[PDB]
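Residue numbers (PDB author numbering), protein chains in the order written: chain V, 2 to 159; chain 6, 27 to 345; chain D, 2 to 183; chain P, 2 to 121; chain 2, 29 to 130; chain L, 78 to 153. Where is the CB? At the ideal position from N, CA and C, for every residue including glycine.
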Amino acid sequence: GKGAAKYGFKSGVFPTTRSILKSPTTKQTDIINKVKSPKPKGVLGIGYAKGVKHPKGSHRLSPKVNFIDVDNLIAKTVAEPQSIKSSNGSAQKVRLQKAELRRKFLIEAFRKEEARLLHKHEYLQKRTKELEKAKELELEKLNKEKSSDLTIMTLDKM
Amino acid sequence: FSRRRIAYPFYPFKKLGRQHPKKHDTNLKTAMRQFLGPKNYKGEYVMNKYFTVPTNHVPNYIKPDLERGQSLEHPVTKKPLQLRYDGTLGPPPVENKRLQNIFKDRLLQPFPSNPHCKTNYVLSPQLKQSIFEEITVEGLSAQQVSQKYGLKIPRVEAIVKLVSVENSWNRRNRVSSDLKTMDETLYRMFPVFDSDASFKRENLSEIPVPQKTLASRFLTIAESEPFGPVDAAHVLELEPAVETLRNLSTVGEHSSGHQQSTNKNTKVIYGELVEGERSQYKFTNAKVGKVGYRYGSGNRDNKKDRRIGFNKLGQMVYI
Amino acid sequence: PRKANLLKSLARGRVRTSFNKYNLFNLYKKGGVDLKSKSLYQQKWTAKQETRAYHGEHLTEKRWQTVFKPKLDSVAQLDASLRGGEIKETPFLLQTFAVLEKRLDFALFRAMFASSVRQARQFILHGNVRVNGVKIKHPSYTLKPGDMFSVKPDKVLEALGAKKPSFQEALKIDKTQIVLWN
Amino acid sequence: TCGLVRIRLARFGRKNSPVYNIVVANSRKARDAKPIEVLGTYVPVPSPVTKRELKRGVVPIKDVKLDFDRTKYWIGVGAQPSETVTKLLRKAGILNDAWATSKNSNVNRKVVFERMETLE
Amino acid sequence: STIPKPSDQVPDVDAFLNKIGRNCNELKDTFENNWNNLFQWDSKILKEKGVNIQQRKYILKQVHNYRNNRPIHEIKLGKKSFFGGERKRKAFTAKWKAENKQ
Amino acid sequence: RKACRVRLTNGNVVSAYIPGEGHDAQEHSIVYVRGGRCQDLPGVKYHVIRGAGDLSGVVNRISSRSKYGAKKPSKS
RNA sequence: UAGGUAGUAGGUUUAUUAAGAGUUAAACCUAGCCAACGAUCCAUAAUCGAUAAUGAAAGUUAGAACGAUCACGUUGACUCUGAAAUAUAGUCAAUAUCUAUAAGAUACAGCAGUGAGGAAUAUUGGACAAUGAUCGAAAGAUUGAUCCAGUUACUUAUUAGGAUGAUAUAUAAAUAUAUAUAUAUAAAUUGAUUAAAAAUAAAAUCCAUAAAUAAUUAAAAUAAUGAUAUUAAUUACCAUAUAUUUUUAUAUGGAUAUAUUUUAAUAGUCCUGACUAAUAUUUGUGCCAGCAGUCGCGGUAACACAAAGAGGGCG
Ligand SMILES: [Mg+2]
Ligand SMILES: [Mg+2]
Ligand SMILES: [Mg+2]
Ligand SMILES: [Mg+2]
Ligand SMILES: [Mg+2]
Ligand SMILES: [Mg+2]
Ligand SMILES: [Mg+2]
Ligand SMILES: [Mg+2]
Ligand SMILES: [Mg+2]
Ligand SMILES: [Mg+2]
Ligand SMILES: [Mg+2]
Ligand SMILES: [Mg+2]
Ligand SMILES: [Mg+2]
Ligand SMILES: [Mg+2]
Ligand SMILES: [Mg+2]
Ligand SMILES: [Mg+2]
Ligand SMILES: [Mg+2]
Ligand SMILES: [Mg+2]
Ligand SMILES: [Mg+2]
Ligand SMILES: [Mg+2]
Ligand SMILES: [Mg+2]
Ligand SMILES: [Mg+2]
Ligand SMILES: [Mg+2]
Ligand SMILES: [Mg+2]
Ligand SMILES: [Mg+2]
Ligand SMILES: [Mg+2]
Ligand SMILES: [Mg+2]
Ligand SMILES: [Mg+2]
Ligand SMILES: [Mg+2]
Ligand SMILES: [Mg+2]
């Protein structure tokens, strides 16, 4: 009970939620540019510098983030029935209907997940802009010179 | 240093003396008899002033100190009586000037030892009917009615609901003569609420005291900075008390400015049913990570704080 | 629920939540709790005795200790200086037993639908009460603001009414009345 | 049902008073063990109804909390629901009649009123 | 509610009872040869008539099958093995080999 | 004071004290030993539970019966 | 427990598994690493939480119950199969029992039970009706998983009655409303003769009740199948009904020379010198018998030892 406060006074544990999209999508050019941004090579350096030999049998540069495309993922995973068939049989009818429904749900899920991530990044940026404006506004509001300050002694030339 | 002590009356009373062996009486019992007076064949104590009930809208509460253990008076002429050596009642030799004039606060105070407790005022049926008509027929807002009569918004809405029940009982003649007699008796037993009387009027500016405010905080500013309620509220990260009270005024169920549209954001799917079915599933949208019975949740069933609830039928259940 | 054992005793002199004649005399002859010449523990014990004898005498102290809430409640008046005059001190500590008045039995007692909390509990158990139109048989039911509760008129009449004498007793009183009239 | 990923119910509550939890769990795991995901709750006991409101025409209701989007995703990626979960999901509308069986054929039975969505 | 008509395979209650199987013959007296009773009695009435738990459940299941035109017959109850269940088969087979086949 | 030298089942030998008015403990008697020391006796560190094992409860004990293994007299 | 480590510390090779490194196997070179902020050794021990206890809190404790993570299924090693076993499989050894005396069978830490060790810990129940698993195309079959019930106050939570109540008998007829009803004669348990009580406590009266009864034929589950099972309320007759969250009023139907039938809750256990709530007083014993967590009681004289009467907690 003592530790439930850190998590909201709620007892027990849920399973960790897992991501619909396991890797960053290609349309997130923001994070693509972030990863391709120049890599620090100094006091806070992230990798090897010029003139230093990385250990034999090791890759000097870190691997490449596998950016995925939603359209490519859908194409590889779920494919339309390119060959149409005469579904006269009962089992054929049932299984075709099931496949249709499953494909629709999966494609909808992937599309909505990508949309959600994009909206999330945009909303985060908008919130950051609002907070920066609020910071500047509050700082200048406190910086405004109020007459009541004259009743505080000041050794300015001192 | 403590000891057991029988709760003898603080006021003087005739104690026991030489009692015939087969009487086995106690000073407590003799004090009881002196307080109650003689018991008539009807099983009544007409002598005791508190035996009956008032009919002049003046509460009749005990005044031990004021009366100094003299609860016996004449039933009809309402004159004081006191026990005599010979054992029969008689008016006191000297009048008690404490009882001749009592303050209104002590008149309403029920228990001598507690000055804070005070009886509440009974609303007249005329006032109840007027408030009913003004809230339903005239459409006047609950805030307006509360401001008009001095009553609190919960009380006025409560009386609206109660008078609705009373009207239904009247339509169906459920009220009876015995209930009417109780009505009259307990109406005459309590004082009436007078809206014209300011000291009678309730206060309409009471707000709950929050935890953040309960704590004491002290701020050091130069001897010329103005500092007001808005600044204090900002420092405490709270909204002004005026905003808090204005919200309270509008919170009323039937009061103005009520809004509870939040739930309108969620999705509900009432499933279909066919002939012969006994129930209907009502699915509702949920959010992963915030739904479902949790794993490893504390089992309080064997502890002193196990939760208990009541279902719609009123049945006791373990929640 | 504690069995009713020596509730109306004159010697012990504890004021109960009832309209009984003996309780009335106890309340009459008690001149307040005597805290003179007592240590802190003794003062606390006497206060506990009296306050528990009145409030919730029918709750095992083990249960009352759980029901007890250390947080008291108060309401602040915003027009205190505006009205003018002298300002009185808020009796916070009188809310110590305020957690018990949200129960159904105490609600009936305060509403004067029963002569005592015990009779209110019996009424609830026997099933002569309803809360918001639901027959509630559990005295420990806790109400919420805006709730409505009703009691049967016959039971309320019995609680706030005189006793019905037996036939022979009534005949005795009527014989006496005959003698007086003649 | 077949497959190593299944959508089923795990019991909770007390003796003589159950409440199930719709979850995605490996077929290999225990019934009440921690699943991959918890989709919703389900109270088999219908909401009680008073005699007057029966003659009014009110029907008992069974609460089934559920997250439609993630149920869609899990039934799209190949999870096989257990028969009871299938009845719940189909009756809601997440699944269709393609999951029905000859043993349960209610299409021919008269319908009182169809499903409907509401923004409560 | 609905009472299906008899057929040539099952002209009457005795035919149904014999055909369902699982030693249901002794229920002759309980059902008294009343087709309407057979298709109108539920587990409550069967319990007060004294049939066993398995017997009543089986009878109701086959009654539902017939009412829905599904096949009526006696289905396998399920035996362990000649050499015994898995948890004892190794020992029993060793003993059997030694004592009969040497 | 009446005391006894007793060997527990665990193997350790200790000295216990027999409370009450009179006792029937003898050589090679099966008894139950609990904690608690007789203050006025140096060395003793345990008590024997009256009413358990072969040690009978105190005779004609009507006050604090449970502490001495005495059964309530019905008298009814 | 003051020096430990020789694949030990690096570098090197080539085998080896999908993949790494002294990780195995080789070579192969350097001397190197860990150490008084505690190495190496030796004991003890299954870890943890959004779990339980405690505290104002930092913390301390537990690791039974609800869930995660390890390691085992008599003990030790090794091998198939596999994507993953040193598998509760095989193979050969250790014990300890059986019957087929044989490349024998079995190790209950799965359920229920039996001995034994303990202060101490249940039923050799019922059903696959529900949720899951395994086989099957299905029909269905198997589940000591699981769901129920049985023992056990081990722990919680509910009810386990409540108004009134200090006594009985006897007094002039020889309806427009009385009312402080008085005299009397008796009776009166245990203490006690007054602030010394037990005690409104008993009986008594008035109302209630889950009390054999009397229909639900609810819900757990529906296409069906209910172990639990003698499962919840309103009535002393049921229900459509004029009453829409509202004992419900209409002598509606068979039986009646207005009710004849209700039945009903009975606490134990500690303590009263102070810490520590308990003043109403007595009897016995007389450094003995005996109390006691601490200070301490008991020498005829005990507020402490055994009582009796009162009394204080918890229930
Ligand atoms: Mg004291
Ligand atoms: Mg299959
Ligand atoms: Mg059950
Ligand atoms: Mg000592
Ligand atoms: Mg005892
Ligand atoms: Mg090594
Ligand atoms: Mg290598
Ligand atoms: Mg080597
Ligand atoms: Mg060390
Ligand atoms: Mg160990
Ligand atoms: Mg720990
Ligand atoms: Mg555990
Ligand atoms: Mg530990
Ligand atoms: Mg266990
Ligand atoms: Mg192993
Ligand atoms: Mg073993
Ligand atoms: Mg092993
Ligand atoms: Mg093996
Ligand atoms: Mg076992
Ligand atoms: Mg033993
Ligand atoms: Mg135990
Ligand atoms: Mg079985
Ligand atoms: Mg309890
Ligand atoms: Mg006497
Ligand atoms: Mg059924
Ligand atoms: Mg003692
Ligand atoms: Mg000393
Ligand atoms: Mg003592
Ligand atoms: Mg004593
Ligand atoms: Mg006594």
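Less than 6 Å separating the Cβ of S143 (chain L) from some heavy atom of ligand 5? yes
Check your understanding: What residues in its chain sit with their C-beta under 8 Å from that of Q96 (chain D), if we drop five residues either side in the sequence?
Key -> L73, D74, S75
message: Quick check on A267 (chain 6): does DSSP put it in helix, strand or coil?
response: helix
**Prompt:** Hey, is the segment 23-31 of chain P in contact with the segment 104-111 of chain P, meaning 3+ C-beta pairs nearer than 8 Å?
**Reply:** no
- Query: Among the residues of its own chain, which have a CB less than 8 Å from the CB of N133 (chain D), if the five just before and after it don't count?
  - Reply: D148, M149, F150
| request: Label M73 (chain 6) either buried or exposed according to how many other C-beta atoms from any shown protein chain fall within 10 Å of its C-beta, with 16 as the threshold for buried. | output: buried
### Integer-rounded CB distance, given that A102 (chain L) should sit under 8 Å from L132 (chain L)
6 Å
Please compile the residues from chain D whose C-beta is within a distance smaller than 7 Å of the C-beta of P35 (chain 6).
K30
- Query: Around the Cβ of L62 (chain V), are there at least 16 other Cβ atoms within 10 angstroms (buried) or fewer (exposed)?
  - Reply: exposed
So, for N122 (chain 6): in the same chain, excluding its five sequence neighbours on each side, which residues have a beta-carbon less than 6 Å away from its beta-carbon? none
Exercise for the section: Could you please give me the residues that DSSP links to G112 (chain L) through a beta bridge? Expected result: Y123 (chain L)
**Prompt:** How many Å lie between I95 (chain L) and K152 (chain L) at the Cα?
**Reply:** 29 Å
Open item on the list: In chain order, what are the residue ranges of uninterrupted alpha helix (DSSP H) at least 4 long that sit wholly in the segment 40-117 of chain D?
Closed with: 41-55, 62-68, 81-84, 105-112
Based on the DSSP output, what are the partners of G4 (chain V) in its beta bridges?
-> Answer by DSSP bridge pairing: none, since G4 (chain V) is not bridged.
Check: Under 9 Å Cβ-Cβ, which residues of chain V neighbour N97 (chain P)?
Finding: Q98, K99, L102
Beta-carbon separation of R12 (chain P) and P19 (chain P) under 7 Å?
-> yes
With a threshold of 8 Å, are at least 3 pairs of Cβ atoms found where one atom belongs to the segment 154-166 of chain 6 and the other to the segment 183-197 of chain 6? yes
_Taking the beta carbon of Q116 (chain L) as the centre, do at least 16 other beta carbons fall within 10 Å, making it buried, or is it exposed?_
exposed
### Task
Tell me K308 (chain 6)'s beta-bridge partners as DSSP assigns them.
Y296 (chain 6), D64 (chain P)
Q. Going by the beta-carbon positions, is the gap between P49 (chain P) and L339 (chain 6) smaller than 7 Å?
A. yes
Taking only the alpha-carbon atoms, compute the straight-line gap between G112 (chain 2) and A126 (chain 2) and give it to the nearest angstrom.
16 Å
- Message: Could you check whether the Cβ of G4 (chain P) sits closer than 7 Å to any Cβ belonging to chain V?
- Response: no
Against chain P: residues of the segment 110-129 of chain V by CB proximity under 9 Å: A110, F111, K113, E114
Open item on the list: Between the alpha carbons of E232 (chain 6) and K7 (chain V), how many angstroms are there, rounded?
Closed with: 35 Å
Just how far apart, CA to CA, sit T17 (chain V) and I345 (chain 6)?
26 Å
Counting only runs of 4+ residues fully inside the segment 212-294 of chain 6, write out the alpha helix (DSSP H) ranges in chain order.
237-240, 255-261, 267-277
Legend entry - Residue from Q178 (chain D), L161 (chain D), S38 (chain D) whose Cα sits closest to the Cα of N66 (chain 6): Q178 (chain D)
Can you check whether the C-beta of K73 (chain P) is within less than 7 Å of a C-beta belonging to chain V? yes
Since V121 (chain L) and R111 (chain L) are thought to touch, with beta carbons under 8 Å apart, how far apart are those beta carbons, to the nearest angstrom? In fact, because the Cβ distance is near 13 Å, the residues do not count as touching under 8 Å.
Open item on the list: Whole angstroms are fine: how far does the CA of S287 (chain 6) sit from the CA of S281 (chain 6)?
Closed with: 16 Å
Examine the Cβ distances between the segment 73-81 of chain P and the segment 105-119 of chain V and report whether three or more of them are shorter than 8 Å. yes
Open item on the list: Can you pull out the residues from the segment 197-221 of chain 6 whose beta carbon lies closer than 8 Å to at least one beta carbon of chain D?
Closed with: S202, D204, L205, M208, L212
> Pick out every residue whose C-beta is nearer than 7 Å to a heavy atom of ligand 3: which are they, in chain order?
Replying inline: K16 (chain P), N17 (chain P)
Handout entry: Test item: CB-CB of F20 (chain D) and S82 (chain D) under 7 Å
Key = no
I believe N129 (chain D) touches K164 (chain D) by the beta-carbon criterion, under 8 Å. Please report the beta-carbon distance rounded to the nearest angstrom. About 19 Å separates the two Cβ atoms, so there is no contact after all.
To which residues does DSSP link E99 (chain 6) through a beta bridge? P106 (chain 6)
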